[PDB]
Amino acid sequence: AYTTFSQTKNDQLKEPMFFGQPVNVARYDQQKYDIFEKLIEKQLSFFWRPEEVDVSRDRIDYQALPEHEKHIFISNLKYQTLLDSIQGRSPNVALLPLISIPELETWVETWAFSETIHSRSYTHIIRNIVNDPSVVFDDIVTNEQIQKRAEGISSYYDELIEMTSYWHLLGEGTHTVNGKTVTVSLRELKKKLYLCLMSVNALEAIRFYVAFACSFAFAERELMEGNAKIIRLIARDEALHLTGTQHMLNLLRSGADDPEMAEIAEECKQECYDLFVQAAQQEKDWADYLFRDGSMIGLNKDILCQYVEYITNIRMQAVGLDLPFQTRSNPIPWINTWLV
């Protein structure tokens, strides 16, 4: 059963990252994995407030944009809002109840908080460019293409949370709930956590990239420069997040943490592969919806597509997976000046 302050005096240095005794004393004088303490310090050094980025000229530039280019900017904004909305609460609600080491507990919390800063920045941009934000915010949940092309995300979290609840209440075994047989197994829960983690990783590694590239393309035609400065900050935060999920996944893979997680990573390898491939496809589909009731001059659905492939391969290899796409060179190296 979960407790906010476990009463057993435990050596936190020997607990696994997940499924061990809930964290009791939050101390930062020692760590099982210093990478997490490093990441917290770095995120705290990058603290920024949106409020401090002038975006007044952007309302002018935006007003002057062709409808087709406006739809691209708005749509991306709507998409980033969906993601960061989910990224703000999810790590806290889904992982926090499973963490067993303090450095990771605090990291998750610092990471989810920085996502809320991102959310706030969208509000800042939006209310500075459109005379009524509700048009944008109200077409999110309903936008059939955002929900369609971003199908699967709440899914991994939602099932994990439900499973976690059953396990925290009932414990392992086969039970009878309202006449129904329900089986609770930790190994299964670990698979659910592992794949959730691999999906967050995909989200962090690839999902923002086509948005960033659009935003940045605008900045290269010398337009939407305040937005661009914000996206620059956001991207720098996402790089830390990703570095943090890659490490978690890789440490889990090495078998140096919980040994059962090393068997699970291996047996799930094919699903890891498929979800990444599914995500790439989703981004590619997004690429069309954007390059729809028109397009752009400097970029197009094919260029986007090449880039999504370019990036997905880099990212999959970082986590030890096989490459699904043909190897190519970055198709828009100009993005590199704005990145990380």
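The first residue of the shown sequence is 1; numbering continues from there.
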query: Higher-B stretch (mean Cα B-factor, as the entry records it), 92-100 or 202-210; finding: 202-210
query: Selected stretch [higher average CA B-factor]: 243-251 or 220-228; finding: 220-228
query: Residue selected from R27, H68, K38, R49 by maximal Cα B factor; finding: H68
query: Out of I303, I311, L275, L44, highest CA B-factor residue; finding: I303
query: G320 CA temperature factor, ranked by third within the chain; finding: middle
query: Third of chain Cα B-factors occupied by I332; finding: highest
query: Chain third (lowest, middle, highest) by recorded CA B-factor, residue given as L193; finding: lowest
query: Cα B factor band for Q147 (lowest, middle or highest third within the chain); finding: highest
query: Third of chain Cα B-factors occupied by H168; finding: lowest
